[PDB]
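Read the structure below first, then the notes.
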Amino acid sequence: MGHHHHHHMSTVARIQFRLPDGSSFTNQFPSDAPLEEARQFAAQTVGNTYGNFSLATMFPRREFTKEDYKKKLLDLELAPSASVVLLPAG
């Protein structure tokens, strides 16, 4: 685009966990911390409600795989902010 200044403020990522309810909750996830943390954190809240929900990013909409969870957050460019999409099954 036209810049040459990256990495200076911080080294963490921000994700917004949404849901069918309409609202969403924002959390703090480092650029290295596992992505599953956001998944388990949301699931731990309700315990058992969504069931078989699917998590994905807003754009460019590429879906999430088993590797996306095991790996870090910034691995898929989540910093400094990102959005998710819940696809519950019931």
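Descriptive notes on the structure:
- For segment 51-90, pairs of C-alpha atoms spaced more than 13 angstrom apart make up 55 percent of the total.
- Each residue of segment 41-50 is assigned a 3J(HN,Hα), and the resulting list reads 4, 5, 5, 4, 4, 6, x, 6, 9, 5 Hz, derived from the Karplus form 6.51 cos²θ - 1.76 cosθ + 1.60 (θ = phi - 60°), x at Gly and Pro.
- GNM top mover of 80, 60, 34 - the chain, alpha-carbon springs below 10 Å: 60
- Under-5 Å amide H pairs with residue 86, H placed in peptide plane, nonlocal only: 18, 19
- MRE, 222 nm, helices only [DSSP H, n ≥ 4, -39500 (n - 2.57), over the chain, to nearest 500]: -5000 deg cm²/dmol
- Between the amide H of residue 33 and those of 73, distances stay under 5 Å, these residues lying 5 or more places away or on another chain, with hydrogens modeled in the peptide plane.
- Most mobile of 31, 23, 54 in a GNM of the chain (Cα contacts under 10 Å): 23
- Highest mobility in the GNM of the chain, judged by mean-square fluctuation with C-alpha springs under 10 Å and restricted to 19, 74, 35, is found for 19.
- ³J(HN,Hα), Karplus 6.51/-1.76/1.60, whole Hz, each residue of segment 2-17, x for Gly, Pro: x, 8, 8, 9, 9, 6, 6, 5, 8, 10, 10, 10, 10, 10, 10, 8
- Area projected by the alpha carbon convex hull of the chain, averaged over all directions, nm²: 6.7
Coordinate-derived values only; no laboratory data.
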